[PDB]
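Reminder, nothing fancy here: chain letters follow the sequence lines and each chain counts from 1. As a basis for the values below, the full set of heavy atoms in this structure was taken, side chains included, without hydrogen atoms, waters or symmetry mates.
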Amino acid sequence: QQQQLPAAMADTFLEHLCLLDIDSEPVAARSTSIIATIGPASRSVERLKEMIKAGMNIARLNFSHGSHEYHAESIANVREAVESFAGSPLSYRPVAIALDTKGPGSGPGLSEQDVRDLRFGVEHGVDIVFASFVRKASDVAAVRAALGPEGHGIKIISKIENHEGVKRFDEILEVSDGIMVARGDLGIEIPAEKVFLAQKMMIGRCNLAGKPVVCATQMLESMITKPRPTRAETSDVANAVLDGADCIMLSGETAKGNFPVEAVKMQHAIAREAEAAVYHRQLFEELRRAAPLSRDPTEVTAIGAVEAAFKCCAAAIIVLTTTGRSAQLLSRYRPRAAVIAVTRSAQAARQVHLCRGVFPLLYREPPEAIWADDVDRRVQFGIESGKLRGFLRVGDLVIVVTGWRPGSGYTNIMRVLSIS
Amino acid sequence: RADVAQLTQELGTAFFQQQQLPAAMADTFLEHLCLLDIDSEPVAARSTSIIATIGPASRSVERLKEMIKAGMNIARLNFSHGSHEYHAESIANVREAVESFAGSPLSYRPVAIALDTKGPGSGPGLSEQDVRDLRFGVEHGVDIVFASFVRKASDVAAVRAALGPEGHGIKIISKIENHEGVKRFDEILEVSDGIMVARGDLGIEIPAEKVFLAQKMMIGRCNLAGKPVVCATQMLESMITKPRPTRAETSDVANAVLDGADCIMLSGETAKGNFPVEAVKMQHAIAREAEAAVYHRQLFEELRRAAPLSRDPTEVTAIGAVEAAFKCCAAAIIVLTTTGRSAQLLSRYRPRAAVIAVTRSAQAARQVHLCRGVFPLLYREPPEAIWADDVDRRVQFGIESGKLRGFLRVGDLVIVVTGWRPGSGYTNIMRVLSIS
Amino acid sequence: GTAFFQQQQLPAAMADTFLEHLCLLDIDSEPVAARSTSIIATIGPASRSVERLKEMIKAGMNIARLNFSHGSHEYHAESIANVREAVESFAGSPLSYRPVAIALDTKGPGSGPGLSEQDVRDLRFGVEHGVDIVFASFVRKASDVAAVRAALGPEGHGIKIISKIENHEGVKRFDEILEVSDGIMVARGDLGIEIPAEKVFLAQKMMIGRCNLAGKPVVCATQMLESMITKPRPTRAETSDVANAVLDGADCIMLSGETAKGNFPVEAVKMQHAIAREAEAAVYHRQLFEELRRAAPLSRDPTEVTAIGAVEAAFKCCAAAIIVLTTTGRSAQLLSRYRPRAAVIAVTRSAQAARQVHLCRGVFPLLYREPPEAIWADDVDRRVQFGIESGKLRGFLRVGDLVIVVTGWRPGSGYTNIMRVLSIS
Amino acid sequence: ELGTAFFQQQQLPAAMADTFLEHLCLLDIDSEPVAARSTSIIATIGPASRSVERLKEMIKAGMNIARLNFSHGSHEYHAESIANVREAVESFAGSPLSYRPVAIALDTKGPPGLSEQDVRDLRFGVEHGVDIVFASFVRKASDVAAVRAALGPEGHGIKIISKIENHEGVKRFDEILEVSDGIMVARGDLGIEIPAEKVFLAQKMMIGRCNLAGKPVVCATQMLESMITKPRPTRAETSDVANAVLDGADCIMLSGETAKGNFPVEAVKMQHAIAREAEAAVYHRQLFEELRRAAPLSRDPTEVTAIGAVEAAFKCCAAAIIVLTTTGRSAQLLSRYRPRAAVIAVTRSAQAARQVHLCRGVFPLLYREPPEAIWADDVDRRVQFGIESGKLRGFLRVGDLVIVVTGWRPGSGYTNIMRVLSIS
Ligand SMILES: O=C1c2ccccc2C(=O)c2c1cc(S(=O)(=O)O)c(O)c2O
Ligand SMILES: O=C1c2ccccc2C(=O)c2c1cc(S(=O)(=O)O)c(O)c2O
Ligand SMILES: O=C1c2ccccc2C(=O)c2c1cc(S(=O)(=O)O)c(O)c2O
Ligand SMILES: O=P(O)(O)OC[C@H]1O[C@](O)(COP(=O)(O)O)[C@@H](O)[C@@H]1O
Ligand SMILES: O=P(O)(O)OC[C@H]1O[C@](O)(COP(=O)(O)O)[C@@H](O)[C@@H]1O
Ligand SMILES: O=P(O)(O)OC[C@H]1O[C@](O)(COP(=O)(O)O)[C@@H](O)[C@@H]1O
Ligand SMILES: O=P(O)(O)OC[C@H]1O[C@](O)(COP(=O)(O)O)[C@@H](O)[C@@H]1O
Ligand SMILES: O=C([O-])C(=O)[O-]
Ligand SMILES: O=C([O-])C(=O)[O-]
Ligand SMILES: O=C([O-])C(=O)[O-]
Ligand SMILES: O=C([O-])C(=O)[O-]
Ligand SMILES: [K+]
Ligand SMILES: [K+]
Ligand SMILES: [K+]
Ligand SMILES: [K+]
Ligand SMILES: [Mg+2]
Ligand SMILES: [Mg+2]
Ligand SMILES: [Mg+2]
Ligand SMILES: [Mg+2]
């Protein structure tokens with residue numbers, strides 16, 4: 001059988017590895033998001049359409065290079081390429097826009113250039129900020145203050161790039177929306193042979209906290225000049241997914257290299273293979289054991305839904321979400337079932353790419369008069385887009401996660417539904 | 001510590017010191033035993049049902065009201081003794097005692113009536129007296145049959161045929177009392193509604209020192225199958241003449257509950273002894289202590305690992321509801337059921353939360369006592385015009401009756417299990433509700 | 001062979017979960033291993049005759065308990081003499097000889113707050129008569145154990161003190177009592193009067209678990225086969241209670257009125273023997289060994305390090321036995337704490353140690369009486385060969401079996417450090 | 001006692017964790033490695049690494065096995081490389097603290113079956129006393145039998161490590177592993193023969209199966225590729241080396257990095273540094289439990305002694321397991337249980353001393369003293385040699401506990417004793 005199911009049913013991790021089969025083809029949709037840096041090699045609308053088709057989920061703009069005018073044109077081109085697929089509403093793909101700051105460049109403070117760039121991000125409607133060189137909780141507070149009242153909804157992903165950031169990780173993670181393991185600077189700031197320890201520790205802690213973690217830098221470096229990566233590069237991408245990374249990133253590979261589309265395609269192919277090789281039997285038991293007891297109905301519904309999905313091998317968990325939170329709480333238990341998140345918020349649809357296994361569907365259908373009927377069409381929309389995209393078939397079982405009243409914060413219902 | 005820290009701040013340290021919760025949170029079975037505390041008081045309602053044999057010592061309506069208050073859930077009538085006239089009078093007295101509390105859902109306690117057959121004797125199958133007694137049971141509306149000396153699947157088919165078309169709803173609990181019944185256990189369990197480990201005859205039919213192996217094997221297999229299992233005979237034997245049991249007797253009751261028995265039984269202790277009410281009270285006290293001492297962490301993990309994957313929505317909803325109940329330390333799981341099946345599927349995962357089963361069927365309310373942790377509520381209100389409103393009213397009836405009986409408190413989290421359409425077989429919804 | 005893997009609940013032993021282990025238990029899977037839980041039989045009018053004591057030793061009695069709550073010093077001295085006479089009547093066959101420990105159970109503190117003056121006199125009687133163990137009644141705190149130890153004096157340094165936990169205070173102060181005691185007795189008679197009867201099983205399971213964790217002997221006592229005082233067969237609750245005490249992890253099981261004053265002393269011993277053998281094969285060693293290993297702290301004591309290596313090696317090859325040379329019994333006790341399925345055959349020259357190792361589950365003491373060889377390595381080998389010959393004669397071993405041999409690098413107690421895999425020829 | 005500082009080093013807080021997730025969360029960049037590097041480094045000796053002076057630097061950097069790629073050069077070229085390796089190794093024979101045996105491995109050019117050139121190159125290997133053969137493109141058990149037969153009458157002791165480089169080799173892995181001494185995951189050809197994105201699955205599967213079988217597994221090709229031209233590797237390269245060790249590889253290899261690159265010594269130093277870090281990060285608690293649960297019961301005293309010795313080593317945090325071995329088999333059976341303690345293998349065989357580099361955590365000590373007339377005295381002398389080398393090299397201190405594994409009689413195949421010794 002397909003998707004490494006013989007290896008998935010093994011009684012030990014050792015037997016799981018022994019049962020991995022190169023002929024067991026992946027069937028599930030790719031769960032780990034790809035962040036591609038948009039630069040000289042990947043700026044055109046035509047090239048961006050090819051990168052979206054190849055698998056890009058988040059477009060990163062490196063504010064260490066270019067200018068505000070340059071990045072504004074890149075943002076416009078990304079939006080134009082994304083909207084060129086709006087003619088097919090059940091299959092259109094949202095793409096988040098992330099702003100990566102230049103950093104403090106000396107001074108444990110928020111550069112005035114960073115204040116100006118963060119203000120640019122708010123004015124241009126960016127979804128995420130990758131905050132460079134975060135070394136303490138007060139650095140995150142400074143970024144949040146610089147985003148102002150209009151940028152309240154922007155996610156702050158703190159980049160850990162030095163010894164201080166690693167040592168003060170817990171306080172940084174507590175106030176951040178997520179973390180980026182920025183291996184480039186980290187490998188210069190700490191001994192290169194210790195970076196893998198920092199990566200594995202940060203991924204584990206983010207998985208424990210249920211917060212997004214991005215693995216970044218030199219993942220497919222040789223692809224800047226060559227059409228195929230080295231054996232160490234494919235292994236690095238696969239191991240980042242197996243470590244538990246929610247996102248994988250391409251920097252020079254897409255910003256300035258000769259094969260930007262090929263680099264995205266390679267990350268897509270490796271992530272799909274690595275996701276099927278995840279040993280869910282141990283992973284779910286450990287996530288379940290480590291996750292604290294909770295009296296929050298969204299949290300309680302999420303664990304019940306993921307348990308139910310594993311019991312019936314559910315093809316998907318369809319969840320209605322306003323902010324993306326209910327989808328994030330499902331994602332933290334790493335279900336094998338795809339989490340199809342139906343949302344009316346375009347920003348939440350883009351941001352939800354930070355959470356592994358969450359497939360955002362932006363709902364743009366006319367409302368139903370009775371709230372209960374409106375909820376049911378959003379569920380049938382998740383099922384129709386699910387069927388159109390290959391996630392679901394007639395006869396499949398799905399878990400549907402909804403709330404008892406409109407507005408964010410009221411998820412409390414899990415339903416077992418048979419498709420068609 | 002960090003996996004229970006926010007909930008310890010919210011519910012308090014006193015909450016986590018009661019009902020053997022420190023022992024329940026242990027990482028190993030050895031650590032679990034080391035953390036058992038005689039000062040950790042049981043809080044939950046007793047979930048293992050007590051079957052009491054009704055005979056000369058426990059027959060009067062006044063005495064039966066005392067036994068219902070002490071905790072009796074199932075009244076057993078041993079057709080190896082008395083007559084049809086004697087047993088019919090016992091049944092009438094049980095029903096009169098049960099109906100004396102029928103004025104309210106707060107006081108009403110359904111009590112199942114079980115008929116224990118005389119058995120095949122030296123014969124190879126269903127005896128003529130058993131056919132007559134089984135017909136008597138159908139005519140008197142008994143809920144359960146404890147079929148004596150079941151040795152093969154064809155013995156339970158013979159009992160089913162002798163109950164006729166009008167006894168289709170009666171549960172057949174096969175009594176395993178000899179070597180053949182133990183060896184053919186799987187085929188017997190497949191066609192039975194449940195099993196009774198009849199240790200009296202078993203201890204004579206096989207070496208006495210092997211009975212505990214048969215008991216533990218049968219309890220384990222019934223737990224795996226999700227079918228009721230009764231532990232029976234000599235549990236509190238000395239209480240036939242003495243007001244207090246021996247140390248081996250209290251240990252035996254506790255170990256039957258820890259083994260996974262859904263029901264515990266009293267035979268001579270209630271049928272002919274000097275302290276029938278005290279024997280019920282003692283079983284009640286021991287079962288509540290033993291239930292809190294169950295190592296749910298390993299038990300739930302093992303029930304999850306052993307149970308095969310399922311495409312039955314009732315089964316899928318039941319495991320999701322039990323997982324949700326454990327996550328928030330839910331006080332109860334309120335389930336709507338017509339036949340008791342949805343409550344049985346919740347019960348097989350052994351939640352620590354009480355399963356409050358709301359049903360319109362009086363027979364299902366009596367029979368669910370066979371499933372550990374199921375508290376039946378008989379709903380007697382007439383149906384609402386809108387089906388969704390009728391469902392909501394039954395859920396609210398469960399909550400109100402739960403609150404008025406101490407099962408629920410304001411601020412508690414309750415898991416509610418319902419279906420998407422009327423009729424049996426459509427349970428598929430789990431809701432997390434905060435009690436206000 | 002397939003027959004080997006069908007006996008001693010081996011299908012249930014190989015199960016991946018405790019639930020599947022229970023589902024696989026088979027009443028037709030016969031026990032093969034020797035009974036490892038010791039039987040303490042209380043001595044009284046029904047079991048004092050030398051001829052009756054010979055029958056009780058053959059039935060399986062390992063420890064003779066003298067209850068100082070009854071009788072005079074002259075009575076108990078006569079009990080001791082009869083036990084020793086019955087035990088020594090089998091000394092003519094050194095390969096089959098079974099040592100029997102003598103335990104003195106004290107009267108207790110009564111209304112007083114500590115060690116009574118009668119207990120001081122009885123403890124000194126025990127030292128003078130060479131008793132092996134003291135079952136100290138109503139131990140409520142660590143200072144009660146220190147008072148017993150002081151009353152035994154310098155000549156009773158080798159006597160084991162097993163503290164009886166019989167009330168709420170003893171249960172609450174269990175950790176401090178276990179720390180200074182050699183072991184514990186769950187005295188359920190008094191405990192069931194001192195605390196609610198329905199809570200005794202929790203105290204029993206907690207104390208057995210903690211003793212197992214500490215590697216110290218634990219005795220389950222009182223009313224185990226009570227009905228056998230007057231009836232020839234026990235109730236279903238009684239056989240279940242004995243089996244569950246062994247499954248809980250008790251090192252010893254006890255008979256009080258059943259052997260002291262009942263009509264069936266020999267049969268009560270035989271019944272406990274039969275149940276214990278069945279219950280020992282039903283122990284789920286896969287989880288048990290894993291949990292004992294995980295819970296046991298790291299150690300820099302060579303005897304402790306050799307013991308875990310020897311138990312792990314025994315499980316790897318399904319060793320029939322672990323033969324250990326011991327002066328004080330300590331090396332055998334450290335093997336016993338890991339609950340090997342292999343019998344621990346303890347070869348010793350110390351008659352007191354041979355009697356005392358009965359407190360440890362799975363330890364079969366062999367008293368070696370030959371005078372020391374001039375060459376120490378040859379003396380060690382002769383003792384190992386004596387263990388093998390006794391093992392073969394008693395049915396523990398056969399030619400072709402693998403055995404683990406545990407010895408030390410120099411004479412005297414405290415130097416066990418060697419483990420060897422040996423093929424029986 | 002050991003002190004709080006002891007329990008903060010070598011990822012001991014992460015090692016004591018109750019779950020793999022907690023283990024990852026407890027990894028600390030400030031927890032320094034203390035144990036000697038246990039994963040062997042195979043360095044390909046070519047134009048960039050051939051001189052005696054350069055070879056001395058590579059031995060000091062950590063090279064344990066010298067690989068000679070018979071796809072390049074000639075017999076005369078490789079014979080000179082072998083001579084230079086032996087000369088560099090013997091330049092440290094005067095000092096017991098620096099003397100390290102180095103195995104010599106011959107990597108064949110490759111094939112329908114065994115090629116004519118491979119028969120001649122295998123014959124060259126036997127004549128030159130090579131220790132290991134890395135057999136290229138092994139696709140079935142009969143390929144291993146052909147190599148074994150070509151190793152003439154004088155070369156049956158040479159270890160055959162089968163290189164799995166294509167779909168057929170992956171599919172017929174079990175039959176190949178059964179007749180091979182070990183496996184090499186030859187990722188270069190494998191990444192061309194099968195889709196590049198599936199190579200990590202083949203690597204993890206082969207490493208797992210070799211670990212289960214107790215046979216050496218080598219991770220090879222492009223581990224530090226960028227170091228062919230640059231002095232420092234990429235983030236993917238350090239991650240790849242660490243993950244190969246964490247996967248369970250016994251050996252890690254350098255090809256172009258040492259054969260033709262600008263930084264051969266630096267590439268060896270980098271693999272040394274990463275492997276030491278990755279070895280301390282191994283989650284032994286789950287690993288040992290799983291190796292124990294998966295390994296079948298055994299009536300072989302060497303195998304029974306080995307598991308008892310590894311269990312005893314974990315119980316006391318033993319600094320080393322000193323084992324007397326003539327063929328290296330007793331050290332290999334200790335190595336399969338992945339002890340945290342170094343396995344110091346004391347042997348009179350120079351060949352076995354070179355070959356045990358294939359087994360993770362085995363530190364060979366060649367013993368050349370003349371035999372004692374009393375066998376028990378000869379064993380004691382060898383045990384003390386391992387303790388004294390261990391004190392000299394920093395493995396041991398007075399007061400440490402060591403596990404000693406010996407047999408009851410001379411000759412190979414009788415290991416059955418495990419002793420706990422206090423270092424005095
Ligand atoms: O965005 C840019 C860019 C924008 C405008 C002019 C030039 C560049 C450029 O040269 C560049 C960029 C990004 C990266 S990065 O994302 O890979 O870090 C680079 O390495 C890099 O060199
Ligand atoms: O039901 C009866 C009964 C009915 C009518 C007259 C007399 C008896 C009677 O004497 C009796 C009964 C049950 C048991 S039971 O506990 O074994 O089931 C007895 O042991 C027992 O003695
Ligand atoms: O040029 C050589 C060479 C030349 C002369 C003697 C020996 C080698 C040699 O050993 C080598 C070489 C090239 C490669 S490559 O071209 O395949 O990358 C190797 O891998 C490799 O090992
Ligand atoms: O995941 P979030 O942000 O909490 O949103 C979940 C919310 O979505 C719903 O399912 C539907 O709400 P809306 O009708 O407002 O879209 C709510 O019942 C629930 O509270
Ligand atoms: O447990 P059972 O016997 O399957 O009954 C559960 C049934 O009860 C309900 O919750 C309510 O059904 P009714 O309205 O027929 O009483 C159904 O939706 C569900 O199928
Ligand atoms: O278990 P103990 O009391 O520590 O005794 C074990 C001792 O027995 C021996 O194996 C043999 O000692 P003896 O020759 O003194 O009997 C010692 O090497 C070892 O120290
Ligand atoms: O690992 P190998 O090849 O089996 O060698 C182990 C052998 O070494 C010894 O420990 C010592 O043997 P020698 O004295 O012959 O070297 C033997 O007793 C044992 O059989
Ligand atoms: O900024 C980054 O992404 C880095 O340093 O790796
Ligand atoms: O029939 C019974 O109930 C018995 O034998 O125990
Ligand atoms: O003293 C005892 O043995 C008791 O109270 O059980
Ligand atoms: O031969 C090799 O080592 C390869 O192909 O990677
Ligand atoms: K930047
Ligand atoms: K009957
Ligand atoms: K006494
Ligand atoms: K080659
Ligand atoms: Mg940076
Ligand atoms: Mg009967
Ligand atoms: Mg007493
Ligand atoms: Mg190749």
Side-chain angles (χ1 to χ4, degrees), chain C residues 4-5 10 13-14 16 286-287 289-320 322 334 338 340-342 377 381 400-410 414-424, chain D residues 1-2 6-7 12 15-16 18 285-286 288-293 295-319 321 333 337 339-341 376 380 399-409 414-423:
Chain C
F4 172 87
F5 287 101
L10 286 173
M14 303 189 129
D16 303 318
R286 180 182 285 205
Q287 182 170 4
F289 183 52
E290 241 165 43
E291 295 194 346
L292 291 165
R293 281 206 324 104
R294 217 175 237 251
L298 303 177
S299 179
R300 308 229 316 139
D301 172 38
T303 307
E304 186 73 54
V305 176
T306 308
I308 196 169
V311 172
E312 180 70 75
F315 275 120
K316 182 65 166 177
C317 66
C318 288
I322 299 171
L334 304 188
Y338 294 104
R341 199 176 265 267
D381 286 337
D401 271 333
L402 277 183
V403 114
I404 306 300
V405 181
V406 174
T407 61
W409 60 273
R410 66 97 131 180
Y415 305 103
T416 290
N417 77 319
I418 307 166
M419 176 239 117
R420 138 169 70 108
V421 187
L422 182 54
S423 205
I424 303 303
Chain D
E1 48 187 315
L2 309 181
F6 172 87
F7 287 100
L12 285 174
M16 304 305 297
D18 301 318
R285 180 182 283 205
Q286 182 173 348
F288 184 55
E289 241 163 44
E290 294 195 346
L291 290 166
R292 185 167 66 250
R293 205 164 138 112
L297 303 177
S298 178
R299 308 224 326 151
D300 171 37
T302 309
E303 182 94 23
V304 175
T305 306
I307 196 166
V310 170
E311 179 72 65
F314 275 120
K315 180 69 169 176
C316 64
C317 293
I321 301 170
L333 303 191
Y337 293 105
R340 195 174 267 271
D380 289 334
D400 271 338
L401 272 189
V402 291
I403 307 302
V404 180
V405 176
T406 67
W408 60 279
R409 71 161 314 274
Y414 302 101
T415 289
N416 76 318
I417 301 164
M418 180 264 288
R419 284 151 61 208
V420 183
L421 292 201
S422 200
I423 302 301

> How many angstroms lie between atom CD1 of C/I308 and atom CZ of D/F314, to the nearest 0.5 angstrom?
Replying inline: 11.5 Å
>> So if I apply the side-chain contact (heavy atoms from CB on, under 4.5 Å) rule between D/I417 and each of C/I418, C/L422, C/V421, which one comes out positive?
In response: C/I418
>> Quick check for you: to the nearest 0.5 Å, what is the distance between D/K315 atom NZ and C/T306 atom OG1?
In response: 11.5 Å
> In Å, rounded to the nearest 0.5 Å, how long is the span from CZ of D/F288 to CD of C/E312?
Replying inline: 5.0 Å
> With a 4.5 angstrom heavy-atom cut-off, which part of D/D300 approaches chain C: side chain, backbone, both or neither?
Replying inline: neither
> Can you name the closest pair of heavy atoms from C/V305 and D/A312 and give their distance?
Replying inline: CG1-O, 3.4 Å
> For the atom pair CG (D/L401) and CZ (C/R300), what is the distance rounded to the nearest 0.5 Å?
Replying inline: 5.0 Å
>> Any heavy-atom pair between the side chains of C/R294 and D/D18 that's under 4.5 Å?
In response: yes
> How many angstroms lie between atom CE of D/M418 and atom CG of C/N417, to the nearest 0.5 angstrom?
Replying inline: 9.5 Å
> Is a salt bridge present between D/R292 and C/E290, judged by a nitrogen-to-oxygen distance below 4.0 Å?
Replying inline: no
>> I need the residue from C/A296, C/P302, C/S299 with the largest number of non-hydrogen atom pairs under 4.5 Å to chain D.
In response: C/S299
